[PDB]
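Those protein sequences? They're chains B and A, same order as listed. Residue numbering for the first sequence is 136 to 142, 144 to 316, 319 to 406, 414 to 480, as defined by the deposited numbering. Residue numbering for the second sequence is 135 to 407, 414 to 480, as defined by the deposited numbering. Idealized CB from N, CA, C, for every residue including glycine.
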Amino acid sequence: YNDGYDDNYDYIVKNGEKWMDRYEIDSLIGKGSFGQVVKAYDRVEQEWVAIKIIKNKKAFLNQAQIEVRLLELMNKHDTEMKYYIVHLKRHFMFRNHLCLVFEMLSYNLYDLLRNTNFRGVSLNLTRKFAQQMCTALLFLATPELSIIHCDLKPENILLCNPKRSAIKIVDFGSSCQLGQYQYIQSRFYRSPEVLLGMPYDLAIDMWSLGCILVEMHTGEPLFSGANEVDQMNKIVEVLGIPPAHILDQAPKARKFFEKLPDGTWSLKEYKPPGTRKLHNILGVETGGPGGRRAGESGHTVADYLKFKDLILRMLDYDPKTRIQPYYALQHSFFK
Amino acid sequence: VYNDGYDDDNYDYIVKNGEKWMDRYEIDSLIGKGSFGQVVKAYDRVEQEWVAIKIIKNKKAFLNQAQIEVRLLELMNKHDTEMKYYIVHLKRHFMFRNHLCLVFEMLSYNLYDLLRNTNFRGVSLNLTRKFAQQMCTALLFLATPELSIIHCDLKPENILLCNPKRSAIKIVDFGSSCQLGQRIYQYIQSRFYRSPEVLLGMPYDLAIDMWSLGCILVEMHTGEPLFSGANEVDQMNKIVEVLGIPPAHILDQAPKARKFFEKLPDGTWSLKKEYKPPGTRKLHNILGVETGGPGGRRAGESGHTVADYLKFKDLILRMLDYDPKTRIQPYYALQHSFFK
């Protein structure tokens with residue numbers, strides 16, 4: 136297929153092939169539904185690059201073209217906040233494939249958690265990740281952009297250099313714009331409005347950020363359900379039954395809850418609603434997660450208490466009142 | 135397995151025969167699988183009928199198409215003309231077990247299946263004419279101004295018979311479709327049925343669907359594709375053998391002209407390097429105007445005269461106009477001598 140160039145519509149990567157007189161192809165570094173990602177060396181710019189090779193099929197081409205529209209929209213902004221987003225350098229067609237040339241980055245935050253052996257990084261590293269993520273989300277919310285990532289998780293946050301704390305966001309392939319889909323985020327990081335089948339905005343990315351930051355300090359996912367009903371039950375364990383004004387507006391409300399004769403809501414093997422406290426998940430007064438941080442600097446009771454506040458503000462059930470990226474950057478945790 | 139073990143590791147719904155949905159649809163069997171997902175035969179207990187339910191794969195590429203398809207079809211359902219009887223009926227749509235489902239009427243077989251029963255030798259000129267009139271009416275309805283839909287994937291697979299014993303047809307795949315003034319894509323049709331304006335990277339409109347009709351009407355009578363190219367350059371080259379070098383005013387304004395052509399030392403346009417000469421594969425011969433029809437197989441049959449075949453050539457050559465400005469339009473095509 137494609138004159139012996141395509142397999144499943146994918147290009148048959150030849151380690152050592154040269155494209156134009158410019159790109160030298162090293163190896164395949166990723167496979168997806170879109171197609172493939174290879175590592176390459178660009179000779180005109182003397183640098184290593186990552187090339188996303190999209191399948192030779194129009195549905196996947198047309199998704200990727202939307203992806204270039206948002207990546208270029210973001211490029212045309214002069215702010216420096218755009219540096220927390222992975223950089224699109226150029227794109228071209230080659231042997232009937234759309235190819236998107238990106239910068240090369242090091243590991244993801246899931247990789248980092250593997251190296252802690254799922255015991256977590258420190259509150260001081262966490263604060264550094266938290267700040268950059270809040271600034272990236274402030275960039276994505278500028279009115280002319282208005283982008284919802286939709287797939288925020290530790291695999292999709294990449295370290296720039298393996299010896300430093302700079303991070304970047306990647307895979308805008310599940311992205312939409314305000315205005316532009320019901321079964322959307324990844325289960326562990328999926329927001330309540332999404333589980334309940336309600337309209338969503340850029341607030342769903344801030345629910346995920348809170349789930350992600352707690353996992354980076356403890357090593358383990360905050361809410362790990364095997365289905366939606368398990369996911370919603372494990373959220374109620376920590377935050378209690380949701381406000382009654384959100385449930386009364388919620389299509390899929392009765393898959394999880396029931397209304398009592400007094401008109402309050404109730405659930406329908415789990416700890417009682419609200420009894421799994423983030424105060425003890427984080428070890429606020431008990432020396433941190435599993436007491437592993439006792440005596441460590443920057444890890445005081447005053448510190449954990451501030452971290453708790455910010456997270457609870459990110460895990461607000463009401464997408465209208467949940468903390469917005471600017472004010473989160475102003476929170477005392479960051480002082 | 136995901137979605138509570140209702141989705142496979144391709145994000146497709148694990149169909150089980152016999153299953154009941156919302157106390158209404160008894161799922162009988164799978165009648166179609168694809169990239170987009172699946173199609174199932176199902177008995178609607180409320181309405182007392184069979185239906186075809188298309189369950190979309192839980193991937194965004196495919197969900198985007200289905201949302202376009204739902205919007206454009208729902209738009210058509212508001213129109214009172216009986217012309218919309220040539221478009222496949224969208225009964226309704228919903229969300230079941232975290233999947234988008236579009237519920238259609240159940241139809242029969244497609245015009246490619248019909249060609250495979252002829253052993254790719256063709257149907258008669260009399261049947262082609264019936265198929266042709268219906269398709270032109272379909273294209274007339276789609277160009278009404280409030281609608282202005284381009285199908286963008288017209289081919290024999292996407293035209294379906296209502297009953298297997300009858301000549302009635304409907305069009306079925308609107309998920310690669312767009313509206314005039316909401317055009318965003320440039321690689322848009324199936325190679326074999328793709329218009330020259332699309333091959334050349336130029337602007338396009340509802341005329342591209344007529345190019346396709348011409349390519350399909352000739353295939354229904356001969357049994358074989360007219361322009362069966364392996365890539366975009368073999369595709370253009372196959373078109374050039376039958377129709378010749380495109381006009382100059384067109385090629386001069388065409389962004390992708392130099393992917394196919396180049397100028398000679400006198401300035402005139404010509405191909406760049414197996415293929416017959418331009419214009420030397422003649423539709424007059426492909427159809428057999430004078431030689432008994434395609435491969436002489438219609439010699440002596442009724443309605444297959446030299447004058448019938450001359451009228452058929454005229455209409456096809458009007459659908460295969462290079463210039464989409466002067467290519468024939470559904471209303472004036474319904475008025476050709478072919479139909480009288």
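Partner residues on chain B for residue i, Cβ-Cβ distance less than 7 angstroms
{"i": "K372/A", "result": "None at all; the shortest Cβ gap to chain B is about 17 angstroms."}
{"i": "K188/A", "result": "Within 7 angstroms Cβ-Cβ: nothing; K188/A doesn't reach chain B, min ~15 angstroms."}
{"i": "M229/A", "result": "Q320"}
Helix, strand or coil at residue i according to DSSP, with G and I counted as helix
{"i": "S242/B", "result": "coil"}
{"i": "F361/B", "result": "coil"}
{"i": "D141/A", "result": "strand"}
{"i": "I202/B", "result": "helix"}
{"i": "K264/B", "result": "helix"}
{"i": "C270/A", "result": "helix"}
{"i": "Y327/B", "result": "helix"}
Chain A residues whose Cβ lies nearer than 8 angstroms to that of residue i
{"i": "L197/B", "result": "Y321"}
Extent of the continuous alpha helix (DSSP H) run through residue i
{"i": "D178/A", "result": "Counting along the chain, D178/A falls outside any alpha helix (DSSP H), though it belongs to the beta strand (DSSP E) covering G171 to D178."}
{"i": "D343/B", "result": "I342 to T356"}
{"i": "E331/A", "result": "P330 to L333"}
{"i": "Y159/A", "result": "Taken as a continuous stretch (DSSP letters only), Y159/A belongs to no alpha helix (DSSP H), being part of the beta strand (DSSP E) at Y159 to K167."}
{"i": "residue 409/A", "result": "What the structure lacks is residue 409/A: chain A is numbered 407, then 414, with the residues between left out."}
{"i": "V376/B", "result": "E366 to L377"}
{"i": "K191/A", "result": "Neither: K191/A is in no alpha helix (DSSP H) and is coded neither H nor E."}
Limits of the beta strand (DSSP E) - the one that residue i falls within
{"i": "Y472/B", "result": "It is not in any beta strand (DSSP E) - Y472/B instead sits in the alpha helix (DSSP H) that spans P470 to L474."}
{"i": "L295/B", "result": "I293 to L295"}
{"i": "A388/A", "result": "Segment: none, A388/A is in no beta strand (DSSP E) and carries neither H nor E."}
{"i": "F395/A", "result": "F395 to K397"}
{"i": "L405/B", "result": "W403 to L405"}
{"i": "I456/B", "result": "First-last for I456/B: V446 to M459, but that is the alpha helix (DSSP H), not the beta strand (DSSP E)."}
{"i": "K416/A", "result": "Premise fails: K416/A is in no beta strand (DSSP E) and is neither H nor E."}
{"i": "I303/B", "result": "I303 to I305"}
Listed by chain order, chain A residues near residue i by CB distance under 7 angstroms
{"i": "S169/B", "result": "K193"}
Per-residue contacts from residue i into chain B (C-beta, under 9 angstroms)
{"i": "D138/A", "result": "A364, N365, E366 and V367"}
Any non-hydrogen atom of the ligand PLP within 6 angstroms of residue i CB
{"i": "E203/A", "result": "With respect to the ligand PLP, the structure offers nothing, as it holds no ligand at all."}
Point to revise | Interface residues of the region 305 to 339 of chain A facing chain B [CB-CB below 8 angstroms] | key: When CB distances to chain B are screened at a threshold of 8 angstroms, the residues of the region 305 to 339 of chain A falling below it are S310, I318, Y319, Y321 and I322, in chain order.
Quiz item: Quick one, which residues of the region 281 to 305 of chain A are near chain B if we go by CB-CB under 7 angstroms, in chain order?
Solution: Within the region 281 to 305 of chain A, no residue qualifies.
Closer than 7 angstroms, Cβ to any Cβ of chain B: which residues of the region 149 to 167 of chain A, in chain order? Of all residues in the region 149 to 167 of chain A, none has a Cβ within less than 7 angstroms of some Cβ in chain B.
| message | Quick check on the DSSP output: what are the complete beta strand (DSSP E) runs of length 3 or more inside the region 209 to 241 of chain B, in order along the chain? | response | With a minimum length of 3 residues, the continuous beta strand (DSSP E) runs that stay inside the region 209 to 241 of chain B are 224 to 230 and 233 to 239.
With 9 angstroms as the C-beta to C-beta threshold (strictly closer), list the residues of the region 232 to 248 of chain A near chain B in chain order. Listed by position, the residues of the region 232 to 248 of chain A near chain B (Cβ gap below 9 angstroms) are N232, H233 and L234.
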